[PDB]
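Text of start21.txt (compact mmCIF, C-alpha atoms) as supplied:
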```txt
# COMPACT_ATOMS: atom_id res chain seq x y z
CA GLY S 2 14.97 8.01 4.96
CA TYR S 3 12.19 5.58 5.75
CA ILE S 4 9.47 4.01 3.61
CA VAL S 5 6.38 4.40 5.76
CA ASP S 6 2.77 3.29 5.36
CA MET S 7 0.32 5.70 6.95
CA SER S 8 -3.39 6.13 7.75
CA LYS S 9 -5.63 8.14 10.06
CA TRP S 10 -3.93 6.24 12.90
CA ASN S 11 -0.90 8.47 12.36
CA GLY S 12 -2.84 11.50 13.55
CA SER S 13 -1.44 14.92 12.63
CA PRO S 14 2.22 14.67 11.50
CA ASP S 15 4.65 17.58 11.49
CA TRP S 16 5.22 17.33 7.78
CA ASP S 17 8.10 19.84 7.65
CA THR S 18 9.94 17.59 10.10
CA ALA S 19 8.78 14.37 8.44
CA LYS S 20 10.03 15.63 5.03
CA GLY S 21 13.70 14.98 5.82
CA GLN S 22 12.81 11.52 7.16
CA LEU S 23 10.77 10.15 4.29
CA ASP S 24 11.85 8.32 1.12
CA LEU S 25 8.28 7.33 0.27
CA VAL S 26 4.85 7.14 1.89
CA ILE S 27 2.00 4.73 1.17
CA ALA S 28 -1.22 6.25 2.57
CA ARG S 29 -4.50 4.49 3.21
CA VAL S 30 -7.49 5.52 1.10
CA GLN S 31 -10.16 3.20 2.49
CA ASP S 32 -10.94 0.08 4.49
CA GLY S 33 -13.37 -1.65 2.13
CA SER S 34 -16.02 0.25 0.15
CA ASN S 35 -17.62 1.83 3.19
CA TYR S 36 -14.88 3.34 5.30
CA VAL S 37 -13.15 6.36 3.83
CA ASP S 38 -9.90 7.22 5.60
CA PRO S 39 -10.55 10.76 6.93
CA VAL S 40 -6.92 12.06 6.82
CA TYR S 41 -5.87 10.78 3.39
CA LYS S 42 -6.72 13.90 1.40
CA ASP S 43 -5.01 16.11 4.03
CA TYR S 44 -1.91 13.92 3.99
CA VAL S 45 -1.73 14.00 0.20
CA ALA S 46 -2.10 17.84 0.16
CA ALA S 47 0.75 18.12 2.68
CA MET S 48 3.03 15.71 0.83
CA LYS S 49 2.44 17.32 -2.56
CA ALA S 50 3.30 20.74 -1.15
CA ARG S 51 6.53 19.31 0.24
CA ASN S 52 7.38 16.98 -2.66
CA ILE S 53 7.20 13.89 -0.46
CA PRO S 54 6.77 10.89 -2.82
CA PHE S 55 3.64 8.82 -2.17
CA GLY S 56 1.56 5.89 -3.31
CA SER S 57 -1.81 4.71 -1.97
CA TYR S 58 -3.27 1.55 -0.42
CA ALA S 59 -6.71 0.15 0.37
CA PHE S 60 -7.61 -2.58 2.82
CA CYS S 61 -9.67 -5.14 0.90
CA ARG S 62 -13.00 -6.54 2.08
CA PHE S 63 -14.45 -7.96 -1.20
CA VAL S 64 -16.83 -10.94 -1.16
CA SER S 65 -16.92 -11.73 -4.88
CA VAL S 66 -15.27 -10.90 -8.22
CA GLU S 67 -17.86 -8.28 -9.15
CA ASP S 68 -17.79 -6.82 -5.64
CA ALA S 69 -13.94 -6.58 -5.91
CA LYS S 70 -14.38 -4.45 -9.03
CA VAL S 71 -16.65 -2.01 -7.18
CA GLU S 72 -14.23 -1.79 -4.27
CA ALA S 73 -11.33 -1.09 -6.66
CA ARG S 74 -13.30 1.63 -8.45
CA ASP S 75 -14.02 3.25 -5.07
CA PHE S 76 -10.29 3.08 -4.22
CA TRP S 77 -9.27 4.65 -7.55
CA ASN S 78 -11.87 7.47 -7.34
CA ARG S 79 -11.11 8.35 -3.70
CA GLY S 80 -7.32 8.07 -4.17
CA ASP S 81 -5.13 10.84 -5.58
CA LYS S 82 -4.25 10.55 -9.26
CA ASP S 83 -0.67 11.63 -8.55
CA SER S 84 -0.20 8.40 -6.57
CA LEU S 85 3.00 6.72 -7.76
CA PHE S 86 1.30 3.30 -7.43
CA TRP S 87 -1.77 1.64 -5.89
CA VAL S 88 -1.73 -1.24 -3.43
CA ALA S 89 -4.32 -3.92 -2.72
CA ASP S 90 -3.94 -4.85 0.97
CA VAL S 91 -5.35 -8.37 1.38
CA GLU S 92 -5.20 -9.85 4.90
CA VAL S 93 -8.62 -11.39 5.65
CA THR S 94 -10.37 -14.25 3.85
CA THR S 95 -13.42 -12.25 2.81
CA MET S 96 -14.34 -14.67 -0.01
CA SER S 97 -13.20 -18.23 -0.52
CA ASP S 98 -11.37 -17.74 -3.82
CA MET S 99 -9.13 -14.92 -2.77
CA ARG S 100 -6.84 -15.17 -5.81
CA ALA S 101 -9.77 -14.54 -8.15
CA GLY S 102 -11.09 -11.61 -6.10
CA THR S 103 -7.64 -10.08 -5.70
CA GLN S 104 -6.86 -10.34 -9.42
CA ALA S 105 -10.22 -8.78 -10.28
CA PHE S 106 -9.51 -5.87 -7.87
CA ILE S 107 -6.10 -5.35 -9.46
CA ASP S 108 -7.41 -5.66 -12.99
CA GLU S 109 -10.08 -3.02 -12.36
CA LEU S 110 -7.37 -0.60 -11.16
CA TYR S 111 -5.44 -1.18 -14.38
CA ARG S 112 -8.59 -0.73 -16.50
CA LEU S 113 -9.30 2.58 -14.73
CA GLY S 114 -5.84 3.88 -15.58
CA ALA S 115 -3.54 2.71 -12.78
CA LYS S 116 -0.02 2.19 -14.12
CA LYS S 117 1.57 0.46 -11.16
CA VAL S 118 -0.30 -1.85 -8.80
CA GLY S 119 1.12 -3.76 -5.85
CA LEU S 120 -0.09 -6.51 -3.58
CA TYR S 121 0.38 -6.39 0.20
CA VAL S 122 -0.44 -9.81 1.56
CA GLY S 123 -0.84 -10.58 5.24
CA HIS S 124 1.47 -12.80 7.15
CA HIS S 125 0.82 -16.49 6.35
CA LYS S 126 -1.51 -15.57 3.46
CA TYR S 127 0.98 -15.65 0.56
CA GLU S 128 0.14 -19.28 -0.26
CA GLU S 129 -3.46 -19.16 1.01
CA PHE S 130 -4.41 -16.36 -1.38
CA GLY S 131 -2.32 -17.68 -4.30
CA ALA S 132 -0.12 -14.56 -4.38
CA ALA S 133 2.48 -16.27 -6.63
CA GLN S 134 -0.21 -16.51 -9.33
CA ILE S 135 -1.29 -12.85 -9.09
CA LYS S 136 -0.30 -10.65 -12.01
CA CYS S 137 0.76 -7.26 -10.68
CA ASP S 138 3.82 -5.02 -10.54
CA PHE S 139 5.16 -5.74 -7.05
CA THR S 140 4.49 -7.59 -3.80
CA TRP S 141 4.84 -6.38 -0.24
CA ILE S 142 4.89 -8.63 2.84
CA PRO S 143 5.09 -8.11 6.63
CA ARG S 144 7.39 -10.02 8.94
CA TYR S 145 8.60 -8.48 12.12
CA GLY S 146 12.14 -9.01 13.27
CA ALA S 147 13.06 -11.31 10.39
CA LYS S 148 13.13 -11.40 6.56
CA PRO S 149 10.02 -12.94 4.97
CA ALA S 150 10.29 -16.52 3.79
CA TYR S 151 8.53 -15.45 0.56
CA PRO S 152 9.75 -13.11 -2.22
CA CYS S 153 8.74 -9.48 -1.96
CA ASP S 154 9.86 -6.17 -3.34
CA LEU S 155 8.88 -4.35 -0.16
CA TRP S 156 9.17 -5.82 3.35
CA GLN S 157 7.25 -4.32 6.29
CA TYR S 158 9.65 -5.02 9.13
CA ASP S 159 8.46 -3.00 12.12
CA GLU S 160 5.04 -1.92 13.34
CA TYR S 161 6.60 0.05 16.20
CA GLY S 162 9.00 2.29 14.33
CA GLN S 163 9.56 5.81 15.61
CA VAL S 164 10.08 8.51 12.99
CA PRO S 165 10.70 12.21 13.71
CA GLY S 166 7.59 14.24 12.77
CA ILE S 167 5.33 11.17 12.81
CA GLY S 168 5.87 9.08 15.97
CA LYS S 169 4.84 5.40 16.02
CA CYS S 170 4.99 4.18 12.40
CA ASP S 171 5.03 1.04 10.16
CA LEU S 172 8.50 0.83 8.57
CA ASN S 173 9.34 -0.86 5.25
CA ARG S 174 12.50 -1.69 3.29
CA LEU S 175 13.18 -2.67 -0.30
CA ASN S 176 13.77 -6.44 -0.46
CA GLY S 177 13.51 -7.53 -4.10
CA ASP S 178 14.68 -6.51 -7.55
CA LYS S 179 13.08 -3.06 -7.69
CA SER S 180 15.03 0.05 -6.75
CA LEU S 181 13.73 3.12 -4.99
CA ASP S 182 13.85 4.91 -8.41
CA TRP S 183 11.50 2.24 -9.76
CA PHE S 184 8.92 3.47 -7.21
CA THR S 185 9.58 7.22 -7.23
CA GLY S 186 10.71 7.85 -10.84
CA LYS S 187 13.71 9.78 -9.58
CA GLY S 188 17.18 9.21 -10.99
CA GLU S 189 20.64 10.43 -10.13
CA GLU S 190 23.93 10.24 -12.06
```
Kindly return the structure encoded in the file as structure tokens.
Amino acid sequence: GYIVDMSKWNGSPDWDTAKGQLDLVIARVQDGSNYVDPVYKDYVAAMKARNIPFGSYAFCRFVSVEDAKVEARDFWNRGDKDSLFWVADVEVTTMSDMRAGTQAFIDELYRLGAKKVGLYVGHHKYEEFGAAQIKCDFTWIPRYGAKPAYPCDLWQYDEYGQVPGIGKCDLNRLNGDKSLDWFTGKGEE
């Protein structure tokens, strides 16, 4: 199976086919407060029916600490409560003190009831945004063709993956000290 992040850019998957291909999906809820991803709810319905494990992500656009809290509350309310975890996707310097904004976003998710929150940080932004200082459950970093130079529990390694039932797809692999069971809650022995 693959660990795939998905959004409206993935169109209309053949979920019965994608089922046998998927370990875990992370689907996009929003890009900032004012763009709601229009396929998210449909994707979640399809994955629940098929018992495809999923978490949720939001692309962050916050310009201050208090604005980060609003954006996080939008993410939580628009996202499905059966999400296995919730990811802040921080790639653009939308306010100077990105560590403060990011931590406020994360903290609002926890206050709202989120149990597991992750940080996806853009390439080259790990040190810029003070990711080492962020308090959250896991980190996720892209680097194509090569292992990231920074620690991460999830590594996005290909933006041009091809997965049966989905087509062109962002592919991820575990890369840290968390197992797949840590994410899905499954267990086998």
What is the distance between atom CA of residue S:53 and atom CA of residue S:17, in Å to one decimal?
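Distance between the two atoms: 10.1 Å.
One finds atom CA of residue S:103 at 27.7 Å from atom CA of residue S:24.
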For the contact check between stretch 91-122 of chain S and stretch 72-81 of chain S, emit one row per residue of stretch 91-122 of chain S within 10 Å, containing the shortest atom pair and the distance in Å rounded to one decimal, counting only C-alpha atoms, chain then rising number order, as a tab-separated table.
```
residue	atom	partner	partner_atom	distance
S:103	CA	S:73	CA	9.8
S:105	CA	S:73	CA	8.6
S:106	CA	S:73	CA	5.3
S:107	CA	S:73	CA	7.3
S:108	CA	S:73	CA	8.7
S:109	CA	S:73	CA	6.1
S:110	CA	S:73	CA	6.0
S:111	CA	S:73	CA	9.7
S:112	CA	S:74	CA	9.6
S:113	CA	S:77	CA	7.5
S:114	CA	S:77	CA	8.8
S:115	CA	S:77	CA	8.0
```
Can you work out the spacing between atom CA of residue S:183 and atom CA of residue S:61 in Å, to one decimal?
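Atom CA of residue S:183 sits 24.8 Å away from atom CA of residue S:61.
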Neighbour list for residue S:163 as a list in words, cut-off 12 Å, only C-alpha atoms, skip fewer than 6 positions in-chain:
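Non-adjacent residues within range: residues 3, 5, 11, 19, 22, 169, 170, 171 and 172 of chain S.
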If we count only C-alpha atoms and set the cut-off at 8 Å, which residues sit around residue S:99, ignoring sequence neighbours fewer than 4 positions away in its own chain? Please answer as number ranges by chain.
S: 94-95, 103, 130-131
Name the residues in contact with residue S:122 at a cut-off of 6 Å, using all atoms listed in the file, excluding same-chain residues fewer than 6 positions from it; report them as a list in words.
residues 91, 92 and 142 of chain S
Restricting the output to C-alpha atoms, write the selected residues as a compact mmCIF listing (two decimals), in the coordinates of the input.
```txt
# COMPACT_ATOMS: atom_id res chain seq x y z
CA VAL S 91 -5.35 -8.37 1.38
CA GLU S 92 -5.20 -9.85 4.90
CA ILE S 142 4.89 -8.63 2.84
```
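Minimum atom-to-atom distance to residue S:27, evaluated using only C-alpha atoms, belongs to S:87 out of S:49, S:87, S:68, S:97.
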